[PDB]
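Protein chains in written order, with UniProt numbering: chain F, 78 to 91; chain C, 2 to 117; chain V, 48 to 176; chain P, 90 to 159; chain A, 56 to 260. Where is the CB? At the ideal position from N, CA and C, for every residue including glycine.
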Amino acid sequence: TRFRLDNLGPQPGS
Amino acid sequence: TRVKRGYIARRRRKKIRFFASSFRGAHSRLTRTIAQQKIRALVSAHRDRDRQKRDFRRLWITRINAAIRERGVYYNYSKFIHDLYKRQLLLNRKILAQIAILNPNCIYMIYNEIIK
Amino acid sequence: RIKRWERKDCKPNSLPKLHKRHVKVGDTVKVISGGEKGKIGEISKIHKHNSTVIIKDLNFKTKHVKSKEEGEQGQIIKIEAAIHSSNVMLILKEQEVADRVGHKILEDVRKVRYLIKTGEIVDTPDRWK
Amino acid sequence: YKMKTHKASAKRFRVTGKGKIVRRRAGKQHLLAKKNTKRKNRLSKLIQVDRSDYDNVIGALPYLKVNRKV
Amino acid sequence: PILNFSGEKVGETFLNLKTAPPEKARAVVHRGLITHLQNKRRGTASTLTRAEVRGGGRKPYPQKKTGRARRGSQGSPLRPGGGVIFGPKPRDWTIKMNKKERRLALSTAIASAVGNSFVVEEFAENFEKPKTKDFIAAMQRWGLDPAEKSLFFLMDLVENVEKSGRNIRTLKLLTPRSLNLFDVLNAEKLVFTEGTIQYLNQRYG
RNA sequence: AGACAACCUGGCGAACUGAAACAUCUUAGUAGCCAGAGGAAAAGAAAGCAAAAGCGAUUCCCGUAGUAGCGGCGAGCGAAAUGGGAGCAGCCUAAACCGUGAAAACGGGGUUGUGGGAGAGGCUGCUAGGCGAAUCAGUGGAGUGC
RNA sequence: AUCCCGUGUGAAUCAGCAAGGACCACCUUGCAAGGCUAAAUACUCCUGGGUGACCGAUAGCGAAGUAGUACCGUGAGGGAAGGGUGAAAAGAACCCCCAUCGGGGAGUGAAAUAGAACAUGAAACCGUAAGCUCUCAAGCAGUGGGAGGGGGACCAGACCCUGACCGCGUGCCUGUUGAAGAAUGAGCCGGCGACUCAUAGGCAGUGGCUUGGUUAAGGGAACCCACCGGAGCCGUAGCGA
RNA sequence: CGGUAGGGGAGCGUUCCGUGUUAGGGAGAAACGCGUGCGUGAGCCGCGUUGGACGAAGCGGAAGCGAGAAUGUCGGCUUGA
């Protein structure tokens with residue numbers, strides 16, 4: 078699984 | 002980023018109106034009055050569903066009482082219920098009253114062999 | 048209607064604006080785009096501010112001319128119309144083919160508009176040279 | 090813009106090494122003859138500000154380095 | 056993993072590339088994207104408050120003894136014509152992030168980008184004039200495909216190759232000068248040069 | 001001579017407000033009026049900083065710092081030097097002396113800080129322009145979309 | 001203290017004068033009472049070039065239409081509203097009603113359920129048509145039960161419209177000890193219409209670094225941005241005025 | 001597991017941006033009006049008519065982001081008749 082502008086999100090709680 | 006409201010208002014007020022579209026006069030066609038009335042309709046529904054359960058029972062009791070008094074001159078609903086539990090017999094009021102309507106023969110038959 | 052917003056854009060010095068355009072009046076053209084595709088005609092009148100040329104007998108367009116003066120019938124005059132330069136294109140009439148126009152400096156001092164694909168000159172008509 | 094310190098209050102509340110707010114006691118500037126030797130000794134010394142009033146003191150001056158015990 | 060090579064259309068695979076990413080924090084790449092996007096954003100949204108409006112600073116009618124509700128101004132934020140209560144103003148959005156967090160974020164996306172990644176040997180000596188035709192031919196040689204998206208990391212970018220590369224929209228040539236985090240996410244296929252691998256393997260290992 | 005959006009220099013100069021009232025104080029030398037001028041204006045080449053170690057005209061940003069302080073020691077007000085940058089550039093004049101009465105009114109002699117003087121011994125850009133690659137059809141108003 | 005001023009006084013000349021936060025001494029620094037001087041800095045009635053997690057006709061300049069107009073005011077001054085037939089006017093020759101207006105055929109057009117009052121065309125409000133249904137009723141108008149009647153070109157103990165008659169049921173909001181209230185607010189319908197932003201302080205959640213951490217301005221084939229900039233700030237010693 | 005002030009947790013939508021000049025769309029999008037689907041709800045989802053060209057998700061982001069009350073305010077239209 079490679080990082081793209083599709084995949085990204087924050088971590089729970091930030 | 003100006004955000005016009007547009008779509009979001011009357012798409013819900015249609016749904017508000019969909020309820021009240023059997024109501025009589027102003028209540029059926031006036032936004033804020035519909036919004037005032039729908040709530041009250043739902044409240045009277047919720048309130049009367051619990052009134053239902055006791056009121057049907059109360060009807061049934063009267064039916065059964067009316068049925069049973071036509072047997073002996075002094076025999077009466079109050080005694081009848083205790084005579085059922087004396088013999089251990091778990092027929093609820095609904096069944097008893099509805100058979101009393103639809104098949105009075107069967108109430109005659111239950112009355113006959115409870116006494117002994 | 049005439050439409051109020053949509054008119055000749057005046058410059059600062061009270062004059063309408065114009066477009067360079069590939070076409071001139073003394074010219075034969077094939078239509079690339081629109082309803083009358085492929086038909087071959089000539090340019091007659093030329094509205095500069097729109098980039099719209101008027102081809103003789105092409106935009107066949109009916110018109111119900113009401114009687115002007117007397118108690119008579121008038122008649123339905125089938126007239127031409129305008130047509131946008133981008134839709135038209137420059138035909139050769141040797142190979143009878145369209146083109147896309149280009150300029151070149153000739154031995155004769157003047158600058159002229161040759162074609163591509165049978166690059167033959169299109170500059171000796173109307174007033175002429 | 091960047092918080093001004095409440096330099097009226099600041100001058101009555103110092104903070105200690107471990108981080109507690111400390112004040113001086115009230116009473117012993119004048120009319121001393123009529124008080125005892127005893128009570129002037131208790132009025133000489135510093136103690137903590139009461140936990141109730143920390144809120145106002147910290148709120149007044151916001152560059153203290155003050156540790157409510159955590 | 057280990058990367059691939061290409062002399063000029065033919066493989067001879069070697070260089071490895073070691074780089075340092077985190078473990079259970081993709082959130083770092085997300086944050087590094089968001090910061091990038093925020094700091095760029097121009098922020099030219101401007102409205103007038105009831106002060107700034109061109110309008111009459113006067114009571115229209117008296118406070119008492121008319122059935123009308125008490126009015127302050129006609130350019131009031133309840134009438135149309137001048138208001139906009141908490142409306143946007145020419146506002147900057149530039150947030151900080153640390154150095155090492157940015158650098159780590161750049162490292163992680165690259166680390167996860169090997170798999171799709173690619174390397175070549177220098178090819179700046181081919182292009183005498185600028186030619187897009189030959190460039191696209193070399194793309195189809197390597198198999199990068201004018202349809203898909205690509206990012207050419209090129210440690211020392213040459214004139215003639217840059218100019219030929221310019222007009223391919225899907226393509227995107229990058230020096231270490233204009234290295235970008237958005238772009239390394241943007242690309243489908245990365246394609247390095249031997250020097251680039253020395254640079255990144257040194258600087259982020 | 002008048003005109004001129006703001007910015008700027010100089011003159012005059014409020015009050016509501018804050019202080020839970022209010023007069024010191026704050027609002028503020030702000031708003032307003034008045035006069036003046038430029039593309040910027042004002043400042044500016046030490047009778048200056050600083051401490052026994054040093055710096056070298058201004059002006060602007062970061063900082064020191066909400067620190068030193070001031071304050072019905074209340075509300076509040078609030079620096080600078082050291083340090084990092086942006087940008088740098090330095091000049092002329094009067095008298096003591098000289099000449100044509102003499103402070104009749106003109107030229108020369110000099111103007112400097114860990115003391116200085118004179119005296120006597122065509123080049124490019126802008127204001128017009130110019131040349132400038134490569135596609136065709138099916139698609140039922142119209143095709144660049146399929 | 002330093003700097004400048006009205007009133008009155010009133011020096012000295014580098015063996016001098018002034019400053020070093022009263023003041024005196026000693027050091028150090030400078031030379032007041034004549035002038036001039038680019039840059040970095042401030043701004044937008046305005047011109048050119050670029051950009052927009054800006055507006056889209058109740059928005060955006062007040063002003064998308066010959067707007068500071070119409071209009072009001074003695075006067076200073078205040079101050080509106082009103083965009084979208086079509087690709088192309090092809091804007092309806094002719095016939096009928098007929099003095100006009102307008103209308104129906106015709107014709108044009110992809111469309112005239114685009115005809116100039118013309119594009120999408122919501123609600124209130126005004127009707128026309130069909131299904132059921134009120135003239136011994138009493139009612140915040142619904143709700144639970146449901147008589148009798150009607151369906152939908154799709155064969156259901158299913159579903160929808162009406163609703164004989166029964167039982168229950170004191171409009172909403174604000175704001176009160178307490179409001180069906182004869183306390184307040186709204187004629188109705190649609191739009192606009194309110195805890196925001198900048199900078200700091202505390203706290204929590206999350207992340208990075210922990211060889212302590214972090215850079216500010218400022219520099220970047222601008223803005224973001226690699227990559228520099230360690231000047232400062234926070235933590236590493238308290239105690240006492 | 002009643003609940004006003006009030007605190008805490010979990011969500012839905014609105015326009016705009018990244019992905020995206022995505023697929024989906026003049027064999028019909030946005031809208032507009034109807035549904036004998038769904039959800040605890042805010043809301044979602046399919047429909048063929050009117051409509052005549054825009055533009056879903058999903059993963060993320062940002063606000064002029066949700067209205068019935070302000071003798072609110074602008075426009076329309078009633079009542080009294």
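Put simply, of P/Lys109, P/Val111, P/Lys91 and P/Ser133 the residue whose alpha carbon is nearest the alpha carbon of P/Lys117 is P/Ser133.
Among the CB atoms of chain A, one or more fall inside 8 Å of the CB of F/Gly86.
In this structure, V/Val100 places its C-beta atom within 8 Å of the C-beta atom of V/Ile130. Contact between C/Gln38 and C/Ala10 does not hold, since their C-beta atoms are separated by about 18 Å, which reaches or exceeds 8 Å. According to DSSP, residue pairing for A/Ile140 in a beta bridge does not occur. For the stretch 218-246 of chain A, the set of positions with a beta-carbon nearer than 8 Å to some beta-carbon of chain F reads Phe237, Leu240 and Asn241 in chain order. Residue pairing for A/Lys244: DSSP places it in a beta bridge opposite A/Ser205. Using beta-carbon distances, A/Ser167 counts as an interface residue toward chain F, with a partner under 8 Å. At a beta-carbon threshold of 9 Å, the residues of chain F lying near A/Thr163 are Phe80, ordered along the chain. For the stretch 176-222 of chain A, the continuous beta strand (DSSP E) assignments of 3+ residues that do not extend past its boundaries occur at 205-208, in sequence order. Here the C-alpha atom of A/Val175 lies approximately 10 Å from the C-alpha atom of A/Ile252. Taking 8 Å as the threshold, the shortest C-beta distance from A/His85 to chain F falls below it.
Listed by position along chain F, the residues whose Cβ is nearer than 8 Å to that of A/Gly170 are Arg79. Interface with chain F (8 Å Cβ-Cβ cutoff): A/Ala75 is excluded. The stretch 160-171 of chain A and the stretch 69-80 of chain A touch, with no fewer than 3 CB-CB distances between them shorter than 8 Å. Following the DSSP letters along the chain, one finds V/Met136 inside the beta strand (DSSP E) bounded by residues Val135 to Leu137. By the neighbour-count criterion, in which 16 or more other beta carbons inside 10 Å mark a residue as buried, A/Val216 falls on the buried side. Neighbours of A/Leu88 in chain F, taken as residues whose beta carbon is under 8 Å from its own, are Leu82 and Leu85 in chain order. Not flagged as an interface residue toward chain F: A/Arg146, since no C-beta distance is shorter than 8 Å. Per DSSP, the beta bridge partners of V/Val159 are V/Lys151.
Looking only at V/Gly88, V/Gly85 and V/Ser133, the smallest Cα-Cα distance to V/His69 is reached by V/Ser133.
By the criterion of a C-beta distance shorter than 8 Å, A/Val246 is surrounded in its chain by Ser172, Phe173, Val174, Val175, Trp197, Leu199, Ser205, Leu206, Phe207 and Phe208, once the five residues flanking it on both sides are discounted.
V/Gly88 is bridged by DSSP to V/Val76.
A/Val83 carries a helical assignment under DSSP once its states are collapsed to helix, strand and coil. Per DSSP, the beta-bridge partners of V/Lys108 are V/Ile126. Nearest to V/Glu167 by alpha-carbon distance, out of V/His66, V/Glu154, V/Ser114 and V/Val148, is V/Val148. With respect to the C-alpha of A/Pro135, the residue from A/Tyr254, A/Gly260, A/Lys244 and A/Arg105 having the closest C-alpha is A/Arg105. One Cα belongs to A/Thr99, the other to A/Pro143, and the distance between them is close to 9 Å. Annotation: A/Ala202 has no Cβ neighbours in chain F at a cutoff of 8 Å; minimum Cβ distance is about 17 Å. Burial check for V/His66: the Cβ neighbour count within 10 Å stays below 16, so the residue is exposed. Each of C/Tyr86, C/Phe81 and C/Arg88 was checked against the Cα of C/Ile108, and the nearest Cα belongs to C/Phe81.
Two segments are said to touch when three or more pairs of C-beta atoms, one from each, lie closer than 8 Å; by this definition the stretch 122-141 of chain P touches the stretch 98-113 of chain P.
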